[PDB]
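Colleague: Got a structure for you, questions after.
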Amino acid sequence: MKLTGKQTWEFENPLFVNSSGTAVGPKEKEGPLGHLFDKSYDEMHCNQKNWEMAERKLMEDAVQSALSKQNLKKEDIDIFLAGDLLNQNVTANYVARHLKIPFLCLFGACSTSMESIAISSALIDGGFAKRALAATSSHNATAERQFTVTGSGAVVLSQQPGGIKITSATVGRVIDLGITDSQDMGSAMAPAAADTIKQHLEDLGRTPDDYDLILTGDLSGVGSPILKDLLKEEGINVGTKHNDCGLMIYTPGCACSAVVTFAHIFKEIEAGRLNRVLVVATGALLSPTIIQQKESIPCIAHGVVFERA
Amino acid sequence: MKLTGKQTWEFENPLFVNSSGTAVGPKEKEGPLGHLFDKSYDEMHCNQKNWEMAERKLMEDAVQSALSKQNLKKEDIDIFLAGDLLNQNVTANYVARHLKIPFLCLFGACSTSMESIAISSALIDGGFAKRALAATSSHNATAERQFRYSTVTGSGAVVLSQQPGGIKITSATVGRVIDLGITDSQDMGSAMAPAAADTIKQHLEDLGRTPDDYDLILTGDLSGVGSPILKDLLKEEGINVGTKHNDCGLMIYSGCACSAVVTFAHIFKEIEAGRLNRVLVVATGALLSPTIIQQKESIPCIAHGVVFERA
């Protein structure tokens, strides 16, 4: 069995990130990581007619950057796993239609960036695909349509040697402790990130000392301190080992886990500044209906371990 | 490799449907198959306060039926694959929270019924899970919300594992998105046929098979209008299904969402009874949302297939 413990998949065959691509808007371009993205636009329309075509252009850009880096055509990919981080896959389905790659459509939450890589990894490791493409996108301009980073990240994975290996993934379970305040996203998502991180370490018999970095996505300032405290209650001390993507992309539930992980964290690993990193993307599973009814907001966090090859 | 041809996964290890569960509304109860569903309700609210709690109760019923028939508890399942037709985080997410099973959230479309089984199947065959639960649901009363601002009222769930059962799963074909330019939200049957045809053709080609190798080729929700088109398209590719084709949308009472409940309640019984030995089930989905319809964009469609056989 490749399932280790309760929720962690340990891949047994060689598995690598062969290339990645990122495309972002102006707010991201002006931030500390602005120069690391493959595409970065000076204005939010991304030279497009409207917001829909803007986000579609961001994903197409990110995907073509990833493919270009390996001189791959769309026909060279066996499976495509993608979803929007915010909307109802309005972008992902359009891009899938153009790529013509067999398509597994995932539900768009901020956890989708790692959910798509986890599934892609299992399919490649299980012999169901030679190469997989995983992608997600979001656009600040349309993030309101529930009752946010502007960008998209894509990765190409395969068993062919690359600078970064994927060694395990932990699938999260939905966690909902009550929060209904659509603006209290930090306090709602933290318990999910905590459960997934705790289960991952328990499953692999590891501690934060086995990681160079434990990176969360989308907890930002409010959620991070809560996550650390919750982990301490479980006897898990992340210490200075924890950082959040929402905290690195802008100067002094924003779906930024993918573009920061792909544009920045992967570069750090390939440069040998980080050897093993646990990345946990956390999503608030909501939408108009949920909020329209003042219901609690369920959250989920999925994790993936990347290591220098 | 388990990948065969371009888009077909052939499972190399023992893989079975251990049980299934279906829960439906009054309209389905009154239909020709009404007697085959595990649970049915006399009124669409299903004893619940609103349409959201109604659909949630239906999925909880179907999942509990599937689990109960095998004497399993929610803790006995390693992975849960599910989605619901509104994509409002209302049903599947709610049910996943209560079950506490590691959850892979799929985008709801009428094609999700087979997408969830295909992924579940690969994860089991790949050693990533011992048992998987897959479920989908829809409700007639909120079906309009996919387009704005005939759908089945029910839910089907299945428990899968390597433990011997009456029904084996031998392959699955993952579809690619096909879009020939149909904008009309109710010419959905015709927007979906091309996707269903592409998947059936590729599935047959990948495995070096013809319709003669199947006792039944069943499409999910093409219904009255889409079925003739599908057969015409397959013929244009030199594939003659003849009388081997049927559609779930024609057996329960397009974009109907009846694929899972008809397959689970009816088709599975036919296979276990020995009346059908190998069946290709292809669920077809129109990938849309109000944003799509609102801007009168063409409607992308996708079809995923799974082959079920008598053990």
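Following the order of the structure tokens, first chain is A, next is B, and so on, with residues numbered from 1 inside each chain and ligands from 1 in the order they appear.
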Fewer than 2 positions away in the same chain doesn't count, so skip those; otherwise give me all residues within 10 Å of residue 195 in chain B, counting only C-alpha atoms, as a PyMOL selection string.
Modeller: chain B and resi 175-180+190-193+197-201+230+282-286+300-304
Colleague: With N, CA and C atoms kept, could you save the residues just selected as a CSV table (one decimal), in the first residue's frame?
Modeller:
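What ended up in out06.csv:
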chain,number,residue,atom,x,y,z
B,175,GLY,N,-12.7,11.5,-20.5
B,175,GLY,CA,-13.0,12.3,-21.7
B,175,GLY,C,-12.3,13.6,-21.7
B,176,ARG,N,-12.2,14.1,-23.0
B,176,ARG,CA,-11.6,15.5,-23.1
B,176,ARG,C,-12.8,16.4,-23.4
B,177,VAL,N,-12.7,17.7,-23.2
B,177,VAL,CA,-13.8,18.6,-23.4
B,177,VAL,C,-14.0,18.8,-24.9
B,178,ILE,N,-15.3,18.7,-25.3
B,178,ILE,CA,-15.7,18.9,-26.7
B,178,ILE,C,-16.7,20.1,-26.8
B,179,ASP,N,-16.5,21.0,-27.7
B,179,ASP,CA,-17.4,22.1,-27.8
B,179,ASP,C,-17.6,22.5,-29.3
B,180,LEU,N,-18.8,22.2,-29.8
B,180,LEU,CA,-19.0,22.5,-31.2
B,180,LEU,C,-19.8,23.7,-31.5
B,190,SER,N,-27.9,18.1,-27.7
B,190,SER,CA,-27.1,18.2,-28.9
B,190,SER,C,-25.7,18.7,-28.6
B,191,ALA,N,-25.5,19.5,-27.5
B,191,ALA,CA,-24.2,19.9,-27.2
B,191,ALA,C,-23.4,18.8,-26.6
B,192,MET,N,-24.1,17.9,-26.0
B,192,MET,CA,-23.4,16.8,-25.3
B,192,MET,C,-23.1,15.5,-26.1
B,193,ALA,N,-23.9,15.3,-27.2
B,193,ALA,CA,-23.6,14.1,-28.0
B,193,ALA,C,-22.2,14.0,-28.6
B,197,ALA,N,-19.8,10.9,-28.0
B,197,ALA,CA,-19.3,10.1,-29.2
B,197,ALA,C,-17.8,10.0,-29.2
B,198,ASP,N,-17.1,11.1,-28.8
B,198,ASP,CA,-15.7,11.1,-28.8
B,198,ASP,C,-15.2,10.1,-27.8
B,199,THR,N,-15.8,10.1,-26.6
B,199,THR,CA,-15.4,9.2,-25.5
B,199,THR,C,-15.6,7.7,-25.9
B,200,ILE,N,-16.8,7.4,-26.4
B,200,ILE,CA,-17.1,6.0,-26.8
B,200,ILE,C,-16.2,5.5,-27.9
B,201,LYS,N,-16.0,6.4,-28.9
B,201,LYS,CA,-15.1,6.0,-30.0
B,201,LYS,C,-13.6,5.8,-29.4
B,230,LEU,N,-26.2,11.0,-31.2
B,230,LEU,CA,-25.0,10.2,-30.8
B,230,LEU,C,-24.8,9.1,-31.7
B,282,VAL,N,-21.5,5.7,-19.9
B,282,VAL,CA,-20.8,6.9,-20.2
B,282,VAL,C,-21.7,8.1,-19.8
B,283,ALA,N,-21.2,8.8,-18.8
B,283,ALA,CA,-22.0,9.9,-18.2
B,283,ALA,C,-21.5,11.2,-18.9
B,284,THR,N,-22.5,12.0,-19.4
B,284,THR,CA,-22.1,13.2,-20.2
B,284,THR,C,-22.6,14.4,-19.5
B,285,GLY,N,-21.7,15.4,-19.4
B,285,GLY,CA,-22.0,16.6,-18.7
B,285,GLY,C,-21.8,17.9,-19.5
B,286,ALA,N,-22.7,18.8,-19.3
B,286,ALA,CA,-22.6,20.1,-19.9
B,286,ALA,C,-21.8,20.9,-18.8
B,300,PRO,N,-19.3,24.0,-23.2
B,300,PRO,CA,-18.3,22.9,-23.3
B,300,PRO,C,-19.0,21.7,-22.7
B,301,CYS,N,-18.7,20.5,-23.2
B,301,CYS,CA,-19.2,19.2,-22.7
B,301,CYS,C,-18.1,18.2,-22.6
B,302,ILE,N,-18.3,17.2,-21.7
B,302,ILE,CA,-17.4,16.2,-21.5
B,302,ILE,C,-18.1,14.9,-21.1
B,303,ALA,N,-17.5,13.8,-21.5
B,303,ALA,CA,-18.1,12.5,-21.2
B,303,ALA,C,-17.0,11.5,-20.6
B,304,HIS,N,-17.3,10.9,-19.5
B,304,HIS,CA,-16.4,9.9,-18.9
B,304,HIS,C,-17.1,8.5,-18.9
Colleague: Residues of chain B no more than 8 Å from chain A, counting only C-alpha atoms: send them over as a PyMOL selection string.
Modeller: chain B and resi 1-3+6-7+9+78+83+87-90+93-94+96-97+100-108+115+122-123+125-129+174-179+287-289+291-292+300
Colleague: Put those residues in a file: C-alpha atoms, as a PDB file, in the first residue's frame.
Modeller:
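Listing of part_9.pdb after writing:
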ATOM      1  CA  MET B   1       1.347   0.937 -17.584  1.00  0.00           C
ATOM      2  CA  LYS B   2      -2.319   0.893 -16.708  1.00  0.00           C
ATOM      3  CA  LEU B   3      -2.947   3.618 -19.343  1.00  0.00           C
ATOM      4  CA  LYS B   6      -4.895   7.588 -25.299  1.00  0.00           C
ATOM      5  CA  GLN B   7      -7.525   7.929 -22.582  1.00  0.00           C
ATOM      6  CA  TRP B   9      -7.292   3.226 -17.716  1.00  0.00           C
ATOM      7  CA  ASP B  78     -10.114   5.935   3.029  1.00  0.00           C
ATOM      8  CA  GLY B  83     -19.514  16.601  -6.376  1.00  0.00           C
ATOM      9  CA  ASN B  87     -21.320  23.725  -7.386  1.00  0.00           C
ATOM     10  CA  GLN B  88     -22.382  25.936  -4.485  1.00  0.00           C
ATOM     11  CA  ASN B  89     -20.482  23.980  -1.836  1.00  0.00           C
ATOM     12  CA  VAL B  90     -23.907  23.121  -0.539  1.00  0.00           C
ATOM     13  CA  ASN B  93     -19.014  19.529   0.967  1.00  0.00           C
ATOM     14  CA  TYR B  94     -21.672  19.409   3.726  1.00  0.00           C
ATOM     15  CA  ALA B  96     -18.040  15.256   3.405  1.00  0.00           C
ATOM     16  CA  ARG B  97     -17.812  17.262   6.654  1.00  0.00           C
ATOM     17  CA  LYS B 100     -14.964  13.014   8.025  1.00  0.00           C
ATOM     18  CA  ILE B 101     -13.468  10.988   5.174  1.00  0.00           C
ATOM     19  CA  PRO B 102     -10.445  12.514   3.322  1.00  0.00           C
ATOM     20  CA  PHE B 103     -12.198  14.376   0.519  1.00  0.00           C
ATOM     21  CA  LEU B 104     -11.438  15.004  -3.159  1.00  0.00           C
ATOM     22  CA  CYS B 105     -13.945  17.567  -4.364  1.00  0.00           C
ATOM     23  CA  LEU B 106     -15.014  17.255  -7.988  1.00  0.00           C
ATOM     24  CA  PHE B 107     -16.718  19.816 -10.215  1.00  0.00           C
ATOM     25  CA  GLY B 108     -20.358  18.891 -10.499  1.00  0.00           C
ATOM     26  CA  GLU B 115     -15.573  10.780 -13.115  1.00  0.00           C
ATOM     27  CA  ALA B 122      -7.352   4.391 -10.064  1.00  0.00           C
ATOM     28  CA  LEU B 123      -6.625   5.320  -6.447  1.00  0.00           C
ATOM     29  CA  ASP B 125      -5.862   0.011  -8.086  1.00  0.00           C
ATOM     30  CA  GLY B 126      -2.776   2.122  -7.376  1.00  0.00           C
ATOM     31  CA  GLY B 127      -2.576   1.228  -3.683  1.00  0.00           C
ATOM     32  CA  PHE B 128      -3.584   4.668  -2.441  1.00  0.00           C
ATOM     33  CA  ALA B 129      -6.843   3.585  -0.816  1.00  0.00           C
ATOM     34  CA  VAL B 174     -11.476   9.848 -19.237  1.00  0.00           C
ATOM     35  CA  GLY B 175     -13.031  12.266 -21.661  1.00  0.00           C
ATOM     36  CA  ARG B 176     -11.645  15.452 -23.143  1.00  0.00           C
ATOM     37  CA  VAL B 177     -13.776  18.618 -23.416  1.00  0.00           C
ATOM     38  CA  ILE B 178     -15.657  18.941 -26.704  1.00  0.00           C
ATOM     39  CA  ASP B 179     -17.422  22.115 -27.821  1.00  0.00           C
ATOM     40  CA  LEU B 287     -19.889  22.207 -18.176  1.00  0.00           C
ATOM     41  CA  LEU B 288     -21.705  25.411 -17.328  1.00  0.00           C
ATOM     42  CA  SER B 289     -22.606  28.067 -14.781  1.00  0.00           C
ATOM     43  CA  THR B 291     -21.743  33.183 -15.996  1.00  0.00           C
ATOM     44  CA  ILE B 292     -21.598  30.971 -19.111  1.00  0.00           C
ATOM     45  CA  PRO B 300     -18.323  22.902 -23.288  1.00  0.00           C
TER      46      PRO B 300
END
Colleague: If we count only C-alpha atoms, what is near residue 188 in chain B at a cut-off of 9 Å, once residues fewer than 3 positions away on the same chain are taken out, given as a PyMOL selection string?
Modeller: chain B and resi 182-185+191-193+222+225-226+254-255+286+299
Colleague: Take the residues from that selection and put them in a file with N, CA and C atoms, as a PDB file, in the first residue's frame.
Modeller:
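Contents of the output file part.pdb:
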ATOM      1  N   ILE B 182     -22.580  25.087 -29.471  1.00  0.00           N
ATOM      2  CA  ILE B 182     -23.975  25.180 -29.061  1.00  0.00           C
ATOM      3  C   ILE B 182     -24.114  26.071 -27.833  1.00  0.00           C
ATOM      4  N   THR B 183     -24.857  27.159 -27.993  1.00  0.00           N
ATOM      5  CA  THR B 183     -25.079  28.101 -26.910  1.00  0.00           C
ATOM      6  C   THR B 183     -26.395  27.851 -26.166  1.00  0.00           C
ATOM      7  N   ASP B 184     -27.418  27.406 -26.901  1.00  0.00           N
ATOM      8  CA  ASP B 184     -28.759  27.188 -26.339  1.00  0.00           C
ATOM      9  C   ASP B 184     -28.776  26.192 -25.197  1.00  0.00           C
ATOM     10  N   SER B 185     -28.990  26.721 -23.996  1.00  0.00           N
ATOM     11  CA  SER B 185     -28.958  25.941 -22.768  1.00  0.00           C
ATOM     12  C   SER B 185     -29.873  24.728 -22.706  1.00  0.00           C
ATOM     13  N   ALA B 191     -25.528  19.455 -27.534  1.00  0.00           N
ATOM     14  CA  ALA B 191     -24.202  19.948 -27.191  1.00  0.00           C
ATOM     15  C   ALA B 191     -23.377  18.791 -26.615  1.00  0.00           C
ATOM     16  N   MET B 192     -24.063  17.864 -25.956  1.00  0.00           N
ATOM     17  CA  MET B 192     -23.404  16.761 -25.272  1.00  0.00           C
ATOM     18  C   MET B 192     -23.102  15.525 -26.098  1.00  0.00           C
ATOM     19  N   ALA B 193     -23.853  15.312 -27.175  1.00  0.00           N
ATOM     20  CA  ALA B 193     -23.647  14.124 -28.014  1.00  0.00           C
ATOM     21  C   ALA B 193     -22.213  13.987 -28.555  1.00  0.00           C
ATOM     22  N   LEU B 222     -28.299  11.986 -22.370  1.00  0.00           N
ATOM     23  CA  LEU B 222     -28.536  12.518 -23.707  1.00  0.00           C
ATOM     24  C   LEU B 222     -30.046  12.614 -23.961  1.00  0.00           C
ATOM     25  N   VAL B 225     -33.521  13.750 -27.475  1.00  0.00           N
ATOM     26  CA  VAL B 225     -32.914  14.478 -28.581  1.00  0.00           C
ATOM     27  C   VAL B 225     -31.471  14.081 -28.858  1.00  0.00           C
ATOM     28  N   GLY B 226     -30.705  13.928 -27.783  1.00  0.00           N
ATOM     29  CA  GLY B 226     -29.302  13.592 -27.913  1.00  0.00           C
ATOM     30  C   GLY B 226     -28.959  12.201 -28.413  1.00  0.00           C
ATOM     31  N   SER B 254     -32.721  16.180 -21.497  1.00  0.00           N
ATOM     32  CA  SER B 254     -31.288  15.951 -21.313  1.00  0.00           C
ATOM     33  C   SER B 254     -30.656  16.918 -20.296  1.00  0.00           C
ATOM     34  N   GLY B 255     -29.454  16.576 -19.812  1.00  0.00           N
ATOM     35  CA  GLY B 255     -28.777  17.371 -18.784  1.00  0.00           C
ATOM     36  C   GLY B 255     -29.489  17.018 -17.489  1.00  0.00           C
ATOM     37  N   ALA B 286     -22.721  18.822 -19.326  1.00  0.00           N
ATOM     38  CA  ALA B 286     -22.591  20.136 -19.936  1.00  0.00           C
ATOM     39  C   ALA B 286     -21.846  20.910 -18.837  1.00  0.00           C
ATOM     40  N   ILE B 299     -21.277  26.106 -24.988  1.00  0.00           N
ATOM     41  CA  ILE B 299     -21.285  25.229 -23.828  1.00  0.00           C
ATOM     42  C   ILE B 299     -20.357  24.045 -23.975  1.00  0.00           C
TER      43      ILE B 299
END
Colleague: Which residue is closest to residue 247 in chain A? Choose from A:197, A:31, A:229, A:74 and count only C-alpha atoms.
Modeller: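 Counting only C-alpha atoms, the residue closest to residue 247 in chain A is A:31.
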Colleague: Near residue 124 in chain B, counting only C-alpha atoms, which residues have an atom at most 9 Å away, once you skip same-chain residues fewer than 6 positions from it, shown as a list in words?
Modeller: residues 13, 15, 130, 131, 132, 160, 161 and 162 of chain B
Colleague: May I have the selected residues written with N, CA, C and O atoms, as a PDB file, in the first residue's frame?
Modeller:
ATOM      1  N   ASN B  13      -5.581  -4.811 -11.010  1.00  0.00           N
ATOM      2  CA  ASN B  13      -5.880  -5.601  -9.816  1.00  0.00           C
ATOM      3  C   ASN B  13      -7.365  -5.807  -9.560  1.00  0.00           C
ATOM      4  O   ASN B  13      -8.206  -5.134 -10.146  1.00  0.00           O
ATOM      5  N   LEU B  15     -10.928  -5.357  -8.585  1.00  0.00           N
ATOM      6  CA  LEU B  15     -11.607  -4.084  -8.308  1.00  0.00           C
ATOM      7  C   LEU B  15     -13.098  -4.322  -8.398  1.00  0.00           C
ATOM      8  O   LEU B  15     -13.582  -4.757  -9.445  1.00  0.00           O
ATOM      9  N   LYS B 130      -7.889   1.693   0.320  1.00  0.00           N
ATOM     10  CA  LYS B 130      -8.379   0.314   0.410  1.00  0.00           C
ATOM     11  C   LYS B 130      -9.842   0.332  -0.015  1.00  0.00           C
ATOM     12  O   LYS B 130     -10.271  -0.493  -0.818  1.00  0.00           O
ATOM     13  N   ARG B 131     -10.597   1.276   0.534  1.00  0.00           N
ATOM     14  CA  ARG B 131     -11.986   1.466   0.142  1.00  0.00           C
ATOM     15  C   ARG B 131     -12.223   2.925  -0.229  1.00  0.00           C
ATOM     16  O   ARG B 131     -11.687   3.833   0.412  1.00  0.00           O
ATOM     17  N   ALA B 132     -13.038   3.133  -1.259  1.00  0.00           N
ATOM     18  CA  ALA B 132     -13.421   4.466  -1.684  1.00  0.00           C
ATOM     19  C   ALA B 132     -14.942   4.590  -1.697  1.00  0.00           C
ATOM     20  O   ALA B 132     -15.649   3.617  -1.939  1.00  0.00           O
ATOM     21  N   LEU B 160     -16.411   1.159  -3.260  1.00  0.00           N
ATOM     22  CA  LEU B 160     -15.516   0.367  -4.093  1.00  0.00           C
ATOM     23  C   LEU B 160     -14.342  -0.162  -3.294  1.00  0.00           C
ATOM     24  O   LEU B 160     -13.897   0.481  -2.353  1.00  0.00           O
ATOM     25  N   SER B 161     -13.827  -1.320  -3.690  1.00  0.00           N
ATOM     26  CA  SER B 161     -12.656  -1.887  -3.024  1.00  0.00           C
ATOM     27  C   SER B 161     -12.155  -3.091  -3.801  1.00  0.00           C
ATOM     28  O   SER B 161     -12.737  -3.448  -4.823  1.00  0.00           O
ATOM     29  N   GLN B 162     -11.078  -3.708  -3.316  1.00  0.00           N
ATOM     30  CA  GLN B 162     -10.513  -4.897  -3.956  1.00  0.00           C
ATOM     31  C   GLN B 162     -11.159  -6.184  -3.415  1.00  0.00           C
ATOM     32  O   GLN B 162     -10.813  -7.285  -3.834  1.00  0.00           O
TER      33      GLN B 162
END
Colleague: If you run DSSP on the backbone, which residues of range 10-179 of chain B are strand (DSSP E), as JSON, numbers by chain?
Modeller: {"B": [10, 16, 17, 18, 19, 20, 21, 22, 23, 24, 39, 40, 79, 80, 81, 82, 83, 84, 103, 104, 105, 131, 132, 133, 134, 135, 136, 137, 138, 154, 155, 156, 157, 158, 159, 160, 161, 167, 168, 169, 170, 171, 172, 173]}
Colleague: Save out the residues we just selected, N, CA and C atoms, as a short mmCIF file (atom, residue, chain, number, x, y, z; two decimals), in the first residue's frame.
Modeller:
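Dumped everything to result_35.cif:
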data_model
loop_
_atom_site.label_atom_id
_atom_site.label_comp_id
_atom_site.auth_asym_id
_atom_site.auth_seq_id
_atom_site.Cartn_x
_atom_site.Cartn_y
_atom_site.Cartn_z
N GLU B 10 -6.90 0.83 -17.63
CA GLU B 10 -7.28 -0.58 -17.45
C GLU B 10 -6.72 -1.04 -16.11
N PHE B 16 -13.83 -4.01 -7.33
CA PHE B 16 -15.26 -4.27 -7.31
C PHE B 16 -16.14 -3.16 -6.75
N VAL B 17 -17.40 -3.19 -7.17
CA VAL B 17 -18.43 -2.33 -6.59
C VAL B 17 -18.96 -3.25 -5.45
N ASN B 18 -18.73 -2.88 -4.20
CA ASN B 18 -19.21 -3.72 -3.10
C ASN B 18 -20.67 -3.45 -2.77
N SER B 19 -21.13 -2.24 -3.05
CA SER B 19 -22.51 -1.88 -2.80
C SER B 19 -22.81 -0.50 -3.33
N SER B 20 -24.09 -0.18 -3.42
CA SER B 20 -24.49 1.13 -3.88
C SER B 20 -25.71 1.56 -3.11
N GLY B 21 -26.04 2.84 -3.24
CA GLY B 21 -27.18 3.39 -2.56
C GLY B 21 -27.77 4.46 -3.43
N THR B 22 -29.10 4.49 -3.46
CA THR B 22 -29.82 5.50 -4.19
C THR B 22 -30.97 6.03 -3.34
N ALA B 23 -31.19 7.34 -3.41
CA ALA B 23 -32.31 7.97 -2.71
C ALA B 23 -32.88 8.97 -3.71
N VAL B 24 -34.20 8.95 -3.87
CA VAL B 24 -34.86 9.79 -4.86
C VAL B 24 -36.14 10.45 -4.36
N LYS B 39 -34.22 4.31 -1.17
CA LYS B 39 -35.05 5.21 -0.40
C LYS B 39 -35.74 6.20 -1.33
N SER B 40 -36.99 6.52 -1.02
CA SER B 40 -37.73 7.51 -1.79
C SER B 40 -38.59 8.37 -0.87
N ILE B 79 -11.09 7.25 1.22
CA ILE B 79 -11.19 8.43 0.38
C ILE B 79 -12.62 8.61 -0.12
N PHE B 80 -13.07 9.85 -0.19
CA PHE B 80 -14.42 10.16 -0.65
C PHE B 80 -14.31 11.06 -1.87
N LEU B 81 -14.87 10.61 -2.99
CA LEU B 81 -14.91 11.41 -4.22
C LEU B 81 -16.35 11.82 -4.54
N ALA B 82 -16.60 13.12 -4.61
CA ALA B 82 -17.95 13.56 -4.83
C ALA B 82 -18.05 14.96 -5.36
N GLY B 83 -19.21 15.25 -5.94
CA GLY B 83 -19.51 16.60 -6.38
C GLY B 83 -21.03 16.70 -6.52
N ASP B 84 -21.55 17.92 -6.61
CA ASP B 84 -22.98 18.09 -6.82
C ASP B 84 -23.22 19.16 -7.88
N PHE B 103 -11.29 14.00 1.59
CA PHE B 103 -12.20 14.38 0.52
C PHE B 103 -11.59 15.01 -0.70
N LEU B 104 -11.90 14.45 -1.87
CA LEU B 104 -11.44 15.00 -3.16
C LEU B 104 -12.71 15.56 -3.82
N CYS B 105 -12.74 16.88 -3.92
CA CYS B 105 -13.95 17.57 -4.36
C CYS B 105 -13.96 17.77 -5.85
N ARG B 131 -10.60 1.28 0.53
CA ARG B 131 -11.99 1.47 0.14
C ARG B 131 -12.22 2.93 -0.23
N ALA B 132 -13.04 3.13 -1.26
CA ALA B 132 -13.42 4.47 -1.68
C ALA B 132 -14.94 4.59 -1.70
N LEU B 133 -15.43 5.79 -1.40
CA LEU B 133 -16.85 6.09 -1.51
C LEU B 133 -16.97 7.16 -2.60
N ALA B 134 -17.89 6.98 -3.55
CA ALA B 134 -18.13 8.01 -4.58
C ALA B 134 -19.64 8.31 -4.59
N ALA B 135 -19.99 9.60 -4.66
CA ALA B 135 -21.40 10.02 -4.67
C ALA B 135 -21.62 11.31 -5.43
N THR B 136 -22.83 11.49 -5.93
CA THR B 136 -23.23 12.72 -6.60
C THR B 136 -24.69 12.91 -6.24
N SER B 137 -25.21 14.10 -6.50
CA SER B 137 -26.61 14.36 -6.20
C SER B 137 -27.10 15.53 -7.02
N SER B 138 -28.41 15.63 -7.17
CA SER B 138 -29.03 16.77 -7.84
C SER B 138 -30.45 16.93 -7.31
N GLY B 154 -32.37 13.37 -6.70
CA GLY B 154 -31.83 12.18 -6.06
C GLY B 154 -30.32 12.18 -5.93
N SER B 155 -29.80 11.06 -5.43
CA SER B 155 -28.38 10.86 -5.22
C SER B 155 -28.04 9.37 -5.29
N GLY B 156 -26.88 9.08 -5.86
CA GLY B 156 -26.40 7.72 -5.93
C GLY B 156 -25.01 7.68 -5.34
N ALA B 157 -24.71 6.64 -4.58
CA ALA B 157 -23.38 6.49 -4.00
C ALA B 157 -22.95 5.03 -4.17
N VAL B 158 -21.65 4.80 -4.27
CA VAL B 158 -21.12 3.44 -4.37
C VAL B 158 -19.89 3.29 -3.50
N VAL B 159 -19.70 2.08 -2.99
CA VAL B 159 -18.52 1.76 -2.20
C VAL B 159 -17.69 0.83 -3.10
N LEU B 160 -16.41 1.16 -3.26
CA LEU B 160 -15.52 0.37 -4.09
C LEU B 160 -14.34 -0.16 -3.29
N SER B 161 -13.83 -1.32 -3.69
CA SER B 161 -12.66 -1.89 -3.02
C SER B 161 -12.16 -3.09 -3.80
N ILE B 167 -20.07 -7.17 -8.75
CA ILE B 167 -19.73 -6.40 -9.93
C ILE B 167 -18.27 -5.95 -9.96
N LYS B 168 -17.59 -6.23 -11.07
CA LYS B 168 -16.20 -5.79 -11.25
C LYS B 168 -16.17 -4.51 -12.10
N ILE B 169 -15.12 -3.71 -11.89
CA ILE B 169 -14.88 -2.52 -12.71
C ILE B 169 -13.57 -2.89 -13.45
N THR B 170 -13.60 -2.88 -14.78
CA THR B 170 -12.42 -3.31 -15.52
C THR B 170 -11.67 -2.23 -16.26
N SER B 171 -12.36 -1.14 -16.58
CA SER B 171 -11.67 -0.02 -17.21
C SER B 171 -12.50 1.25 -17.11
N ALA B 172 -11.85 2.37 -17.42
CA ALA B 172 -12.52 3.66 -17.42
C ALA B 172 -11.87 4.52 -18.50
N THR B 173 -12.66 5.36 -19.15
CA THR B 173 -12.09 6.23 -20.17
C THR B 173 -12.39 7.67 -19.79
#
Colleague: Please report the interatomic distance between CA of residue 24 in chain A and CA of residue 40 in chain A in Å with one decimal.
Modeller: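 Interatomic distance here is 4.7 Å.
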Colleague: Write out as a list in words the residues lying within 9 Å of residue 262 in chain A, counting only C-alpha atoms and excluding same-chain residues fewer than 4 positions away.
Modeller: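 Final neighbour list, sorted by chain and number: residues 19, 20, 21, 22, 37, 153, 154, 155, 257, 258, 266 and 267 of chain A.
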Colleague: Of the residues A:149, A:156, A:48, A:136, which is the one nearest to residue 71 in chain A, using only C-alpha atoms?
Modeller: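 Using only C-alpha atoms, the shortest distance to residue 71 in chain A belongs to A:156.
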Colleague: For residue 166 in chain A, find every residue with an atom within 7 Å (counting only C-alpha atoms), except residues of its own chain fewer than 3 positions away, and show them as an MDAnalysis selection string.
Modeller: chainID A and resid 15:16 305:307
Colleague: Using DSSP secondary structure from the backbone, list all helix (DSSP H, G or I) positions within range 51-270 of chain B, as a ChimeraX atom specification.
Modeller: /B:51-69,74-76,92-99,112-125,140-146,188-207,211-213,223-236,242-244,248-250,259-270
Colleague: Could you name the residues that touch residue 279 in chain B at 12 Å or less, counting only C-alpha atoms, but leaving out those on the same chain fewer than 6 positions away, as a PyMOL selection string?
Modeller: chain B and resi 167-172+211-219+244-246+263+267-268+270-272+305-310
